[PDB]
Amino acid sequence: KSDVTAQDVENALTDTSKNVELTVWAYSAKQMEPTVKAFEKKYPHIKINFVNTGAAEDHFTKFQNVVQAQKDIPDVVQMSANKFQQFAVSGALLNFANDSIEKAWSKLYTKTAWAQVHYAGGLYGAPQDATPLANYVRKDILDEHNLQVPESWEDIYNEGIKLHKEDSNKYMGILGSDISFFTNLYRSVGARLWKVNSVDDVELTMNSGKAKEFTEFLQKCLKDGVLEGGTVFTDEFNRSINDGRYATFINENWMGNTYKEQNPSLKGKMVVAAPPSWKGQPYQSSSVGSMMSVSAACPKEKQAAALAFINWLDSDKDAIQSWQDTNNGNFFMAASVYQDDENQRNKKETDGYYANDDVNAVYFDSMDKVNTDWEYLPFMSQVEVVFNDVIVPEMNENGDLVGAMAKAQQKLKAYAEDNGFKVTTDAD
């Protein structure tokens, strides 16, 4: 049990005669680094060796490599709420849970985000951004085809048929071959793929209930030309954005900033709308986001300063303001000083980029509707491998996503059993 208390963390910042060097690895260097520099200016006794690890996929592989070698491990490492699990369960990350930290830091982060940085009773990071889903809609394309901004998956289907019949170079949306994109859709309609009871006890429901119904719907959308299967955040996707290939894009809301940065020519053409409802339920959402974690290898005499850094970067009021000023005036932060500020909720756009100026109100309503009835599996790295090998190849106009979900469940059951997890599946 970690004996680094909330007071010990604060002492690392006030005890300026105690110089520390911290190595910090991050994939989201573009959005984060100016605020890291602000930390260093404020606390010159804590020097930050900031390492941009490149693409997220390369970051996670690099970190696994150093952990297994037990050598050259960073003190602080960027994680995410749906990819940290396998690192936490394998002992790569410091579990810094204790009563003092829980009492103090729980007041600093919105409860949906604070729950998700726990796993198996341990506490593994400070939440960074929250990522409620938004539908980024090419309103110009919909207007041209006499189509309404869709509020439901039913509308996406019905209007999508009309769009693609009239203009076979455009699709209503993309079904993205990315584990976050795909699982976020299921979570946002209340369709559990699995349930976690303890670190060693899991239930897989990938071929039954609401999940199966939603898979059947996604497959019909692919077959009928409503959604196109393809990669996200690749050059193929980047070209499709500029080309207007997708009338809608339902995604984690950091993308709202990405469009402003990479697609200036789309100014005035998009609306930011709520993600869609399903079967006449009120709409729900999903939020994942990044987190900053401490490695299990971090030396004991560096741990208080490492924790002070992650808490400052992710919740200090000056840091939160820096996150806004250095990312086009908005970044959607989990800190309560952002989430509880009614002037963030009612913040108006002023750059003219989106056709609606109430973008943050849309993001905050979606955050309010996040489906919290959800856990990620202990082995999320293996989940992404199986998704890539088994599910992604069926994301096409003739695909059998239903059969692929059942085969992926079988592979995950075998992996769970081989690694000592108790597992049930809906095929048992």
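Numbering starts at 1 and runs along the sequence shown.
In this entry, the higher average B-factor at the C-alpha atoms falls on 263-271, of the pair 154-162 and 263-271. Per the PDB record, of the two stretches 64-72 and 379-387, 64-72 carries the greater mean B-factor over its C-alpha atoms.
Of the candidates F217, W114, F332, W278, it is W278 whose Cα B-factor is highest according to the PDB record. Looking only at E349, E252, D314, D178, the residue with the top Cα B factor in the deposited structure is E349. In the PDB entry, a CA B factor belonging to the middle third of its chain's modelled residues is recorded for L204. The deposited CA B-factor of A120 belongs to the highest third of values across its chain. The entry lists a Cα temperature factor for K210 that places it in the middle third of the chain's modelled residues. When the modelled residues of the chain are ordered by their C-alpha B factor, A92 lands in the middle third. Among the modelled residues of its chain, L22 has a C-alpha B-factor that falls in the middle third, as given in the PDB entry.
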